[PDB]
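Since the structure comes first, as structure tokens, the remarks are kept for the end.
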Amino acid sequence: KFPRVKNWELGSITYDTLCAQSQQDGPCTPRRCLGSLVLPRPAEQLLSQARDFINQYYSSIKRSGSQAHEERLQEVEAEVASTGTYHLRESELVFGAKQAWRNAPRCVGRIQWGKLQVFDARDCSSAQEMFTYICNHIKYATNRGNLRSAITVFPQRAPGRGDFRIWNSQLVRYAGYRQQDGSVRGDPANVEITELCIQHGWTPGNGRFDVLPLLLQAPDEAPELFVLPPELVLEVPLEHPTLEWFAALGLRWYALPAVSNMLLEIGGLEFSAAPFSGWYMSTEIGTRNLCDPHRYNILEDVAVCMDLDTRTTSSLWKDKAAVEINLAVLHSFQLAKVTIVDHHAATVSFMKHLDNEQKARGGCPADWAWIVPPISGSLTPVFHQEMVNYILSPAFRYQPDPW
Amino acid sequence: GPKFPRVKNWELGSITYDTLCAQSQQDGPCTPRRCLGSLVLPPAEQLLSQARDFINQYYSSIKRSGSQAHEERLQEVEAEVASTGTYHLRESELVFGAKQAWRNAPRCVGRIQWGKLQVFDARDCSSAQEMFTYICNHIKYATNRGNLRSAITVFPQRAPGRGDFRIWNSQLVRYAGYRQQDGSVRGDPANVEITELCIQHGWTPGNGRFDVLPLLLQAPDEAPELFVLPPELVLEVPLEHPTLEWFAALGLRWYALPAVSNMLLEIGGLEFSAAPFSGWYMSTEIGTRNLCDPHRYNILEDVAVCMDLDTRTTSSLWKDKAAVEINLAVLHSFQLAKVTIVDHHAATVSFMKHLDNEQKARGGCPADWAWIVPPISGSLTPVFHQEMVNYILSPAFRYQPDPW
Ligand code: HEM
Ligand code: HEM
Ligand SMILES: Nc1ccc2ccc(CNCCCc3cccnc3)cc2n1
Ligand SMILES: Nc1ccc2ccc(CNCCCc3cccnc3)cc2n1
Ligand SMILES: C[C@H](O)[C@H](O)[C@H]1CNc2nc(N)[nH]c(=O)c2N1
Ligand SMILES: C[C@H](O)[C@H](O)[C@H]1CNc2nc(N)[nH]c(=O)c2N1
Ligand SMILES: [Zn+2]
């Protein structure tokens, strides 16, 4: 019934009762746990999801049962009955975006969940208008390096009509150019999107950090290509605090992590284009983006620069190089005065989050495998904390690639 | 396509399906509504079906499934359970079961070695004194002057209306944990209760950080008896660092042999409450968990201060730097001492090979991602990028309540 949740560093026990509010199935069954899989394998449906969200919204503003509540419930009921769908008021939408972030089991930055700038872009009719919105989002969120969490929401999906979509997975992404000799110049995670941009008329560069154009799509139209003004895109050159040779590597990363391919679901309504951004945790760049074998894969180069023994795993050359790389990222962002958080500070704030949420809602959906950082796992408090995972709505979801 | 879990590796792009999970007979803690995969500890009718299942497994592994000897063994087990309420395994059945339990263990990253396990039959054991003799033999054989060899020793099974054989200690080798007057702990905080239990049973305690605990051994329906291990039997490795010359002066050490002793070995519904087993260490167990956990030796700050690191701020990555060097010291010293050890890279690489062997051999491999991924350098090792399916196969090692 209710999960017993234990922290093994401190011996404390909580009991998750929030999970009882879950209405969507995850991938596990009693026969087998599939919690490490990255991706998932009528009018009353909409109406119940809508009622529940409205009920959540009016509860949040401490006005459940009131005249405005009862009335809003009928507007919704009448609109669905007549049209098969309905629309959110902006304030509701602001509440919904905030709750979807709050409910995101894989996010370690949820201490911040109540501080989210919400742009209503539901009055958008063309890819061109999507671009103006995206450009303003970037300017707002970047804020000269004093980063601010933000989401822009484009029109919801509608029965028998194509979706608004941003084709890129993030608003800022480095091109990955496939060389005929097997290798890849740039970011190999972005080969396919780079090729789509080229096919749709983009003239390609040939560096390792070429900022890609955005491919934007309004419903049932071919996507259009837009180059971001280079001044909107704040980047941080990487240097190391004591290893002067490091800056010679020419490494750099962009300040703004702005994710553009997820679908935002609120009250049964689906927003297929709703880019959001906050700020980086240093390991995203330092460990995953730069050291993952299927990414920039710079572990060996840095190791040689440090003059370690590559011939054997037991010299822990990989661990040593990785730590300096992460250190280069933290030092550099702090130097360039751009918001960033290290994995220790982040995980410590997440524990406080678990505690606030335990008192606020009786629990907190969390995916242990995603919350635990990719280096120095057990050196962080979250490693030793048991977590319960489940789907609450509003929620961010994955969705198929539009091509 | 197929109606079995699809399993992806995100580094390589490769896909497999787990058909093996279809053989699973026991429910884990998850449901469609919530995943509980990160929690550490979540009648003759019943017996016979488990026994029938294991016998089928056994004859399958020797390629005699459906044969005359298969059906006779089944009938023999049905009859034995019919007259005594339990039954007994043949020696080769015990050997197969023990190995299958290790093979089936989802949290073990060392399973590439599973077919190479020396099985010591000790189902003839009738006293605590004899358990000790058995245990000492195990330690000597397994330690092998540093060229470690996997082994398990199996004492008699749970009997209806009879007390269990139990080893009270969680390992055969454990450092004492002395609760101090000032509230703190000397030695290993993990071992406070077993330490106090030993003293309550007449052990005279030391006062070191690294006092080897006596064994508390229990034959059926008798009070546990106390046995001190002769020190030459317990191989230890003093820790030093290959370049940081001061590390040796910390006086840190660890023992060679990880020999877990509080787990229950289940085979065909039979329960072996006392069946200590041992392999060799992955270096992160000592370097990261035992030495760096807040609630264990907690030496991160000491080492960092010695390395002259800025421990006032998280962003200096002083915890990460110190952790690495500690782990490096564990590896270096074990190698120098010529004691078997595997680093977290070599271990995880070998586990990927195991997943590929078991894909071909059994159509999958139950695996607990949170335990398979090492506690430092996670995404630096290949298993991080590998999806895994977790489920309970039998024969199995299970946790069991503490005897007191
Ligand atoms: C403000 C500081 C933030 C920090 C430090 C942070 C940190 C992180 C990290 C490290 C991850 C793991 C991502 C990965 O490994 O690819 C993540 C995931 C995620 N974040 Fe946050 N995040 C922040 C803001 C936000 C905001 C503003 C939103 C939405 C409004 C959000 C929603 C999500 C979601 C839905 C995931 C799961 C992504 C997926 O499953 O692919 N986060 N976050
Ligand atoms: C041969 C070298 C071996 C290595 C390197 C190895 C490695 C490991 C590691 C690192 C763990 C994680 C334990 C923890 O973090 O507390 C583990 C767990 C485990 N191992 Fe292995 N292991 C080996 C041999 C064995 C053997 C011989 C057996 C039994 C016959 C075995 C059965 C288990 C079981 C049941 C677990 C899960 C323990 C638990 O859940 O508490 N292992 N192994
Ligand atoms: N700092 C932040 C904040 C929020 C983030 C949200 C998402 C992401 C990246 N999402 C995971 C991408 C991996 C993937 C690949 C294929 C299919 N699904 C997911 C980073 C964030 N960083
Ligand atoms: N190298 C090896 C080989 C086999 C091992 C088997 C078990 C263990 C430790 N088991 C986990 C103990 C921690 C714990 C505490 C409380 C409740 N559950 C588990 C190590 C092995 N190492
Ligand atoms: C297979 C495994 O679930 C997958 O590689 C996950 C593990 N944990 C992760 N955690 C984070 N933060 N990001 C990731 O991409 C992943 N990948
Ligand atoms: C809460 C969490 O499950 C717990 O800290 C686990 C995580 N993974 C682990 N992995 C291993 N190998 N050993 C452990 O003790 C643990 N502890
Ligand atoms: Zn699960």
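The figures here come from the full heavy-atom set of this structure, side chains too, leaving out hydrogens, waters and symmetry mates. As the structure lists them, so they are numbered: ligands from 1, and atoms in each ligand from 1. Numbers restart at 1 for each chain; the letters A, B, ... are given by sequence-line order, proteins then strands.
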**Item:** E285(B) and ligand 2 - part of the residue with a heavy-atom distance under 4.0 Å
**Value:** side chain

**Item:** Numbering as shown, the atoms of ligand 3 that approach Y398(A) to under 4.0 Å (heavy-atom distance)
**Value:** 18 (N), 19 (C)

**Asked** Would you say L34(A) and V389(B) make side-chain contact, with heavy atoms under 4.5 Å?
**Response** yes

**Message:** Please determine whether a side-chain nitrogen of the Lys or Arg among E358(B) and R103(B) lies less than 4.0 Å from a carboxylate oxygen of the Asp or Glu.
**Reply:** yes

**Request:** List the closest protein heavy-atom neighbour of atom 1 (C) of ligand 2: residue, atom name, distance to the nearest 0.1 Å.
**Result:** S150(B) OG, 3.5 Å

**Asked** What part of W279(A) sits under 4.0 Å from ligand 3 if we count only heavy atoms: the side chain, the backbone, both or neither?
**Response** backbone

**Request:** Kindly give the heavy-atom pair with the smallest separation between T194(A) and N190(A), and that separation in Å.
**Result:** OG1-O, 2.5 Å

**Message:** Give the atom numbers and elements of ligand 3 that come within less than 4.0 Å of a heavy atom of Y280(A).
**Reply:** 1 (N)

**Request:** Please check if any side-chain donor atom of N327(B) sits under 3.5 Å from a side-chain acceptor atom of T284(B), or the reverse.
**Result:** no

**Message:** Tell me whether ligand 2 is touched by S278(B) - counting only heavy atoms on the residue side and a distance under 4.0 Å.
**Reply:** yes

**Message:** Is there a polar contact, in the sense of an N or O pair closer than 3.5 Å, between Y399(B) and ligand 2?
**Reply:** yes

**Fill in**
atom 8 (C) of ligand 2 has as its nearest protein heavy atom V109(B) CG1, 4.0 Å

**Request:** Taking the Zn ion (ligand 7) as the vertex, measure the angle between atom SG in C28(A) and atom SG in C30(B); round to 10°.
**Result:** 120°

**Request:** Tell me yes or no: between the side chains of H138(B) and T153(B), is some donor less than 3.5 Å from an acceptor?
**Result:** yes

**Message:** Within the protein, is there a heavy atom lying under 4.0 Å from atom 12 (C) of ligand 3?
**Reply:** no

**Request:** May I ask you to identify the nearest protein heavy atom to atom 10 (N) of ligand 3, giving residue, atom name and distance to one decimal place in Å?
**Result:** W370(A) CZ3, 4.7 Å

**Prompt:** With ring centroids as reference points, do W254(B) and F334(B) lie under 6.0 angstrom apart?
**Reply:** no

**Item:** Identity and separation of the nearest protein heavy atom to atom 4 (C) of ligand 3
**Value:** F276(A) CE1, 4.3 Å

**Request:** Measure the distance from atom 6 (C) of ligand 3 to every protein heavy atom, then report the residue, atom name and distance (to 0.1 Å) of the closest one.
**Result:** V259(A) CG2, 3.5 Å

**Request:** Give the contacting part of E284(A) toward ligand 3: side chain, backbone, both or neither, where contact means a heavy-atom distance below 4.0 Å.
**Result:** side chain

**Message:** Considering non-hydrogen atoms of the protein only, which is the closest contact for atom 16 (C) of ligand 3, and what is the distance?
**Reply:** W10(B) CZ3, 3.9 Å

**Message:** Less than 4.0 angstrom from a charged side-chain N to a carboxylate O is my criterion; do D27(B) and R31(A) meet it?
**Reply:** no

**Message:** Checking a contact table here: which protein heavy atom is nearest atom 38 (C) of ligand 2, and how many Å away?
**Reply:** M263(B) SD, 4.2 Å

**Asked** Are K8(B) and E387(B) within salt-bridge range, i.e. N to O under 4.0 Å?
**Response** no

**Prompt:** For ligand 2, which atoms sit closer than 4.0 Å to a heavy atom of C108(B)?
**Reply:** 17 (C), 18 (C), 19 (C), 20 (N), 21 (Fe), 22 (N), 33 (C), 42 (N), 43 (N)

**Request:** Apply the test ring-ring contact (aromatic ring centres under 6.0 Å, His included) to residues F276(A) and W101(A): give CA-CA distance (whole Å), side-chain angles for both, the deciding distance (0.1 Å), then the verdict.
**Result:** CA-CA 10 Å; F276(A) 57 83; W101(A) 184 9; 8.4 Å; no

**Request:** May I ask you to identify the nearest protein heavy atom to atom 11 (C) of ligand 2, giving residue, atom name and distance to one decimal place in Å?
**Result:** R107(B) O, 4.0 Å

**Prompt:** Among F397(B), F277(B), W280(B), which one has a heavy atom closest to atom 2 (C) of ligand 2?
**Reply:** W280(B)

**Prompt:** Do you know which two heavy atoms are closest between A274(A) and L264(A), and how far apart they sit?
**Reply:** CB-CB, 4.1 Å

**Message:** To check you understand the geometry: which heavy-atom pair defines the closest contact between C291(A) and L380(B), and what is its length?
**Reply:** CB-CD2, 4.4 Å

**Prompt:** So do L196(A) and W403(A) actually touch side chain to side chain, heavy atoms under 4.5 Å?
**Reply:** yes

**Message:** Check contact between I152(B) and ligand 2, using heavy atoms of the residue and a distance below 4.0 angstrom.
**Reply:** no

**Message:** Between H344(B) and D319(A), is there a side-chain donor-acceptor contact under 3.5 Å, judged purely by atom types and distance?
**Reply:** yes

**Request:** Write out the residue and atom name of the closest protein heavy atom to atom 17 (C) of ligand 3, then the distance separating them to 0.1 Å.
**Result:** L39(A) CD2, 3.8 Å

**Prompt:** Heavy atoms only: which of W102(B), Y281(B), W371(B) is nearest to atom 42 (N) of ligand 2?
**Reply:** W102(B)

